[PDB]
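Structure below is protein-v6.csv: CSV, C-alpha atoms and all ligand atoms.
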chain,number,residue,atom,x,y,z
A,43,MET,CA,0.0,0.0,0.0
A,44,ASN,CA,1.0,3.6,0.5
A,45,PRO,CA,4.0,4.6,2.5
A,46,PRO,CA,3.7,7.0,5.6
A,47,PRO,CA,3.4,10.6,4.3
A,48,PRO,CA,6.5,12.8,4.7
A,49,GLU,CA,6.8,14.4,8.1
A,50,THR,CA,5.2,17.8,8.7
A,51,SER,CA,6.9,18.3,12.1
A,52,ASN,CA,10.2,17.3,13.6
A,53,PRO,CA,11.2,18.5,17.1
A,54,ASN,CA,14.9,17.8,16.3
A,55,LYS,CA,14.7,20.2,13.3
A,56,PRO,CA,15.2,23.9,14.2
A,57,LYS,CA,12.3,26.2,13.0
A,58,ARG,CA,12.3,29.6,11.6
A,59,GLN,CA,10.0,32.2,10.2
A,60,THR,CA,11.3,34.6,7.6
A,61,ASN,CA,9.5,37.2,5.4
A,62,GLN,CA,10.2,35.0,2.4
A,63,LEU,CA,8.7,31.9,4.1
A,64,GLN,CA,5.5,33.7,5.0
A,65,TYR,CA,5.3,34.8,1.4
A,66,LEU,CA,5.8,31.2,0.1
A,67,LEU,CA,2.7,30.3,2.2
A,68,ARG,CA,0.4,33.3,1.9
A,69,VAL,CA,1.1,34.2,-1.7
A,70,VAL,CA,2.9,31.5,-3.6
A,71,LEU,CA,1.2,28.3,-2.2
A,72,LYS,CA,-2.2,29.9,-1.6
A,73,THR,CA,-2.4,31.0,-5.3
A,74,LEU,CA,-1.0,27.8,-6.8
A,75,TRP,CA,-3.6,26.0,-4.6
A,76,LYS,CA,-6.4,27.8,-6.5
A,77,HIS,CA,-5.2,26.8,-10.0
A,78,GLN,CA,-7.5,24.5,-11.9
A,79,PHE,CA,-4.6,22.1,-12.3
A,80,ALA,CA,-3.6,22.0,-8.6
A,81,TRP,CA,-5.8,19.1,-7.5
A,82,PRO,CA,-3.3,16.2,-8.2
A,83,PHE,CA,-0.7,18.0,-6.1
A,84,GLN,CA,-2.8,18.9,-3.1
A,85,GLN,CA,-2.1,15.6,-1.2
A,86,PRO,CA,0.4,12.7,-1.3
A,87,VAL,CA,0.0,10.5,-4.3
A,88,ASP,CA,-2.5,7.7,-3.3
A,89,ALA,CA,-0.9,4.9,-5.3
A,90,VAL,CA,-3.5,2.4,-4.1
A,91,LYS,CA,-6.5,4.5,-5.1
A,92,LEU,CA,-4.9,5.5,-8.5
A,93,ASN,CA,-3.8,1.9,-9.2
A,94,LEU,CA,-0.2,3.0,-9.6
A,95,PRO,CA,1.4,0.1,-7.7
A,96,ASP,CA,4.8,0.9,-9.1
A,97,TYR,CA,4.7,4.6,-8.0
A,98,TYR,CA,6.6,4.2,-4.7
A,99,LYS,CA,8.8,1.6,-6.4
A,100,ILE,CA,10.1,4.5,-8.5
A,101,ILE,CA,9.6,7.6,-6.4
A,102,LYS,CA,11.6,7.4,-3.2
A,103,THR,CA,11.4,11.1,-2.1
A,104,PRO,CA,7.7,11.9,-2.5
A,105,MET,CA,6.5,15.4,-2.0
A,106,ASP,CA,3.2,17.3,-2.5
A,107,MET,CA,1.7,20.7,-1.9
A,108,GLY,CA,-0.4,19.5,1.0
A,109,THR,CA,2.8,18.4,2.8
A,110,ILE,CA,4.5,21.7,2.0
A,111,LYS,CA,1.5,23.7,3.2
A,112,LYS,CA,1.5,21.9,6.6
A,113,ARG,CA,5.3,22.4,6.8
A,114,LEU,CA,4.9,26.1,6.2
A,115,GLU,CA,2.0,26.4,8.6
A,116,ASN,CA,4.2,24.6,11.2
A,117,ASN,CA,7.3,26.9,10.6
A,118,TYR,CA,9.0,23.6,9.8
A,119,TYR,CA,11.6,25.2,7.5
A,120,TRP,CA,14.7,27.1,8.3
A,121,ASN,CA,14.7,29.2,5.1
A,122,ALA,CA,12.8,29.7,1.9
A,123,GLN,CA,15.3,27.6,-0.1
A,124,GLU,CA,14.3,24.5,1.9
A,125,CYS,CA,10.7,25.1,0.9
A,126,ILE,CA,11.6,25.8,-2.8
A,127,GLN,CA,13.5,22.5,-2.8
A,128,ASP,CA,10.3,20.7,-1.8
A,129,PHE,CA,8.4,22.3,-4.6
A,130,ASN,CA,11.1,21.2,-7.0
A,131,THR,CA,11.1,17.6,-5.7
A,132,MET,CA,7.3,17.6,-6.2
A,133,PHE,CA,7.7,18.7,-9.8
A,134,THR,CA,10.6,16.5,-10.6
A,135,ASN,CA,8.9,13.4,-9.2
A,136,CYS,CA,6.0,13.9,-11.5
A,137,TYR,CA,8.3,14.2,-14.6
A,138,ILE,CA,10.2,11.1,-13.4
A,139,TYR,CA,7.1,8.9,-13.0
A,140,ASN,CA,5.3,10.2,-16.1
A,141,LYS,CA,6.2,11.0,-19.7
A,142,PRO,CA,6.4,14.2,-21.7
A,143,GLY,CA,2.9,15.3,-22.8
A,144,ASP,CA,0.9,13.2,-20.3
A,145,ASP,CA,-2.1,15.0,-18.9
A,146,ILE,CA,-0.6,15.0,-15.4
A,147,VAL,CA,2.7,16.3,-16.7
A,148,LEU,CA,1.0,19.2,-18.6
A,149,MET,CA,-0.6,20.1,-15.2
A,150,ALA,CA,2.7,20.0,-13.4
A,151,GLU,CA,4.4,22.1,-16.1
A,152,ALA,CA,1.7,24.8,-15.9
A,153,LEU,CA,2.1,24.9,-12.1
A,154,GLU,CA,5.9,24.9,-12.3
A,155,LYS,CA,5.9,27.9,-14.7
A,156,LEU,CA,3.5,29.7,-12.4
A,157,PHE,CA,5.6,28.8,-9.4
A,158,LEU,CA,8.8,30.1,-11.2
A,159,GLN,CA,7.0,33.4,-11.9
A,160,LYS,CA,5.9,33.9,-8.3
A,161,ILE,CA,9.3,33.2,-6.7
A,162,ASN,CA,11.2,35.3,-9.2
A,163,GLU,CA,10.8,38.1,-6.7
A,164,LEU,CA,10.5,37.4,-2.9
A,165,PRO,CA,10.1,40.0,-0.2
A,166,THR,CA,13.1,41.4,1.7
B,1,LIG,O1,-3.1,12.5,-8.2
B,1,LIG,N1,-2.9,12.1,-9.2
B,1,LIG,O2,-3.8,11.7,-9.9
B,1,LIG,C1,-1.5,12.0,-9.7
B,1,LIG,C2,-0.6,12.9,-9.0
B,1,LIG,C3,0.7,12.9,-9.4
B,1,LIG,CL1,1.8,14.1,-8.5
B,1,LIG,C4,1.2,12.1,-10.4
B,1,LIG,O3,2.5,12.1,-10.7
B,1,LIG,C5,0.3,11.2,-11.0
B,1,LIG,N2,0.9,10.5,-11.9
B,1,LIG,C6,0.2,9.6,-12.6
B,1,LIG,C7,-1.2,9.5,-12.3
B,1,LIG,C8,-1.8,10.3,-11.4
B,1,LIG,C9,-1.0,11.2,-10.7
Write out the structure in this file as structure tokens.
Amino acid sequence: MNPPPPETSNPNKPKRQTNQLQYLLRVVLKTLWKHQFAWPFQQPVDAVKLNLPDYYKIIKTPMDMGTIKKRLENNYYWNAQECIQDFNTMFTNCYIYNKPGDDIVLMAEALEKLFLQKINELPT
């Protein structure tokens, strides 16, 4: 079945809140969340429901915007770069599992371009 979801808290990890990390939540994630193509990325891939029994055979560092949102809400990250790496893992996993031009990939590519637009300029 499905693996445990990625952690959204960790008391051994030091927490921080920066202007940039608040912006990644309130502006970047909250607007990506509203996109019509966001729904596949709002929660961990349910390989059992989706009948993708090889998914977690191939994807060993899963990530999703639901997990990122909870991390941001928990101040789980030390800096904005940690959060941006999670977004990139999410996108890269989708391009690894799937193939150019697949419906799910076109959705990921639309979100990625939007994501790149929004982090082009972060607050001070
Ligand atoms: O939720 N989904 O339907 C979903 C999400 C993600 Cl992130 C994927 O890579 C998928 N790949 C193939 C089929 C469905 C997928």
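Considering only C-alpha atoms, the residue among A:58, A:153, A:100, A:53 positioned nearest to residue 76 in chain A is A:153.
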### Task
Name the residues, by chain letter and number, that sit within 8 Å of ligand LIG 1 (chain B) using all atoms listed in the file, and give them as a list in words.
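What falls inside 8 Å of ligand LIG 1 (chain B) is residues 81, 82, 83, 85, 86, 87, 88, 92, 94, 106, 132, 133, 135, 136, 137, 139, 140, 146, 147 and 150 of chain A.
Taking CA of residue 165 in chain A as the reference point, CA of residue 66 in chain A is found at 9.8 Å.
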### Message
Report, in Å to a single decimal, how far apart CA of residue 68 in chain A and CA of residue 158 in chain A are.
### Response
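So the two atoms, CA of residue 158 in chain A and CA of residue 68 in chain A, lie 15.9 Å apart.
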### Message
Please compute the CA of residue 43 in chain A-CA of residue 101 in chain A distance, one decimal, in Å.
### Response
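Separating CA of residue 43 in chain A from CA of residue 101 in chain A is a distance of 13.8 Å.
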### Message
Here is a test: counting only C-alpha atoms, which residue of A:164, A:90, A:156, A:105 is nearest to residue 61 in chain A?
### Response
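Among A:164, A:90, A:156, A:105, it is A:164 that comes nearest to residue 61 in chain A.
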### Query
With only C-alpha atoms as the atoms that count, which of A:67, A:138, A:122, A:114 lies nearest to residue 98 in chain A?
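Smallest separation from residue 98 in chain A among the options: A:138.
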### Message
With 12 Å as the threshold, what does the neighbourhood of (0.4, 23.6, 6.2) contain in terms of residues, counting only C-alpha atoms? Coordinates are those of the file; answer as a PyMOL selection string.
### Response
chain A and resi 49-51+63-64+66-68+71-72+75+84-85+106-119+125
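With all atoms listed in the file as the basis for measurement, A:103 is the residue among A:121, A:103, A:62, A:130 that approaches residue 48 in chain A most closely.
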### Query
Which is closest to residue 91 in chain A among A:151, A:54, A:166, A:44, if we use only C-alpha atoms?
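Among the listed residues, the smallest separation from residue 91 in chain A belongs to A:44.
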### Message
Ranking A:154, A:124, A:144, A:163 by minimum distance to residue 80 in chain A and counting all atoms listed in the file, which one comes first?
### Response
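For residue 80 in chain A, the nearest of the candidates is A:154.
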Could you pull range 125-143 of chain A out of the structure I just pasted and write it to a file containing N, CA and C atoms, as an mmCIF file, in the first residue's frame?
data_model
loop_
_atom_site.group_PDB
_atom_site.id
_atom_site.type_symbol
_atom_site.label_atom_id
_atom_site.label_comp_id
_atom_site.auth_asym_id
_atom_site.auth_seq_id
_atom_site.Cartn_x
_atom_site.Cartn_y
_atom_site.Cartn_z
ATOM 1 N N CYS A 125 12.077 25.264 1.364
ATOM 2 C CA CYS A 125 10.720 25.087 0.857
ATOM 3 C C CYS A 125 10.708 24.974 -0.664
ATOM 4 N N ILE A 126 11.530 25.782 -1.324
ATOM 5 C CA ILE A 126 11.616 25.755 -2.779
ATOM 6 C C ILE A 126 12.131 24.398 -3.256
ATOM 7 N N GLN A 127 13.041 23.790 -2.490
ATOM 8 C CA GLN A 127 13.519 22.453 -2.836
ATOM 9 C C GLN A 127 12.389 21.436 -2.781
ATOM 10 N N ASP A 128 11.475 21.580 -1.814
ATOM 11 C CA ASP A 128 10.336 20.666 -1.752
ATOM 12 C C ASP A 128 9.444 20.813 -2.977
ATOM 13 N N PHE A 129 9.165 22.058 -3.387
ATOM 14 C CA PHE A 129 8.399 22.280 -4.619
ATOM 15 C C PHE A 129 9.075 21.624 -5.813
ATOM 16 N N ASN A 130 10.395 21.763 -5.916
ATOM 17 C CA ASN A 130 11.102 21.184 -7.047
ATOM 18 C C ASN A 130 11.071 19.662 -7.003
ATOM 19 N N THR A 131 11.173 19.072 -5.811
ATOM 20 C CA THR A 131 11.054 17.620 -5.706
ATOM 21 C C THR A 131 9.684 17.158 -6.183
ATOM 22 N N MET A 132 8.632 17.874 -5.778
ATOM 23 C CA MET A 132 7.288 17.565 -6.233
ATOM 24 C C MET A 132 7.226 17.567 -7.756
ATOM 25 N N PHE A 133 7.733 18.626 -8.382
ATOM 26 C CA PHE A 133 7.659 18.690 -9.841
ATOM 27 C C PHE A 133 8.506 17.596 -10.477
ATOM 28 N N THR A 134 9.740 17.430 -10.002
ATOM 29 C CA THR A 134 10.644 16.450 -10.602
ATOM 30 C C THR A 134 10.119 15.018 -10.455
ATOM 31 N N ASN A 135 9.511 14.682 -9.309
ATOM 32 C CA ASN A 135 8.904 13.352 -9.164
ATOM 33 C C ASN A 135 7.862 13.091 -10.243
ATOM 34 N N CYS A 136 7.044 14.094 -10.540
ATOM 35 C CA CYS A 136 5.993 13.903 -11.534
ATOM 36 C C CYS A 136 6.589 13.658 -12.922
ATOM 37 N N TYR A 137 7.633 14.409 -13.285
ATOM 38 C CA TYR A 137 8.304 14.198 -14.567
ATOM 39 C C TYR A 137 9.078 12.886 -14.600
ATOM 40 N N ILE A 138 9.522 12.386 -13.445
ATOM 41 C CA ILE A 138 10.178 11.083 -13.411
ATOM 42 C C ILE A 138 9.164 9.960 -13.625
ATOM 43 N N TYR A 139 8.051 9.987 -12.882
ATOM 44 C CA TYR A 139 7.103 8.882 -12.969
ATOM 45 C C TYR A 139 6.399 8.864 -14.322
ATOM 46 N N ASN A 140 6.096 10.030 -14.863
ATOM 47 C CA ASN A 140 5.282 10.156 -16.057
ATOM 48 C C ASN A 140 6.146 10.490 -17.282
ATOM 49 N N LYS A 141 5.497 10.794 -18.404
ATOM 50 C CA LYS A 141 6.206 11.010 -19.656
ATOM 51 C C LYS A 141 5.791 12.325 -20.290
ATOM 52 N N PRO A 142 6.680 12.934 -21.066
ATOM 53 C CA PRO A 142 6.350 14.204 -21.729
ATOM 54 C C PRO A 142 4.998 14.152 -22.426
ATOM 55 N N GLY A 143 4.177 15.171 -22.177
ATOM 56 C CA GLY A 143 2.893 15.295 -22.832
ATOM 57 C C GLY A 143 1.746 14.571 -22.160
#
